[PDB]
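K.L.:
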Amino acid sequence: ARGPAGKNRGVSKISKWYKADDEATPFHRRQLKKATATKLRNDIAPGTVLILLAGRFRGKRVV
RNA sequence: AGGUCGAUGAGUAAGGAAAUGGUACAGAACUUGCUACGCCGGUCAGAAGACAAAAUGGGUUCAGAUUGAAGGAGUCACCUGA
Ligand SMILES: [Mg+2]
């Protein structure tokens, strides 16, 4: 191995001067990915009893 | 016999530019250069098979709930009632 990092290092790699473009690249859209949030239904209250439906624990009333 | 056009091609230099020369580019062989290659490895980033769950939003549509305004023989009427 060599340890010198010269400004001569890294610019001549295949990676800069060649791009393989032939694949389809899905474009970015500002108007889709913009919105996110959380809500809780009005019946959810801190410390309510919830009914576990699908859980390995389902059928159980929980806090 | 004569005259004329044509074909071959010395020349000539008008047009043009294939051959030669010159100039400019610059892609090569060369020379300087602590690098470019690939294989494997892990991380960062991009992308991500099949069946799915949740969330958000759009086109098409379905359902359940509300509110306001105008108009009515300025609807009709009702109450109090000689
Ligand atoms: Mg790798």
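First residue of the first sequence: 2, per full-length UniProt numbering; consecutive thereafter.
Cβ coordinates follow ideal geometry from the N, Cα and C atoms, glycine included.
1) Specify the secondary structure class of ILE52 as computed by DSSP and reduced to three states.
2) Would you mind stating whether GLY48 and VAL63 have Cβ atoms separated by less than 8 angstroms?
3) Looking at the unbroken alpha helix (DSSP H) that takes in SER16, where does it start and where does it end?
4) Using DSSP bridges, identify the partner residues of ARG62.
P.N.:
Working from what's here:
1) strand
2) no
3) 15 to 18
4) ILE52
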